[PDB]
């Protein structure tokens, strides 16, 4: 029952276990339904050698995590998990 990951606020589909905790952050190789905003930043990056960009939910605008450059680092408590 924890195969698909979704925006907690509106339910937009974001990623899946096939693409997949370290706040607790989940790293995914691929994601959908986000909007990546702004230019990359290195400041306080949790992953050595990566810059990040803010990742919002494309449906409701909730801040779900970051895109790193590649992979996506998403905040566990901003997501809902459920079955495929």
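Positions refer to the first chain, counted from 1.
Going from residue 69 to residue 70, you skip over 4 to 9 residues of the deposited sequence that the entry leaves unmodelled. In the deposited sequence, the stretch from residue 63 to residue 64 has no residues without coordinates, so the chain runs on without a break.
Two stretches are in play, 52-60 and 37-45, and the higher mean C-alpha B-factor belongs to 37-45. Among the modelled residues of the chain, residue 80 sits in the middle third by CA temperature factor in this PDB entry.
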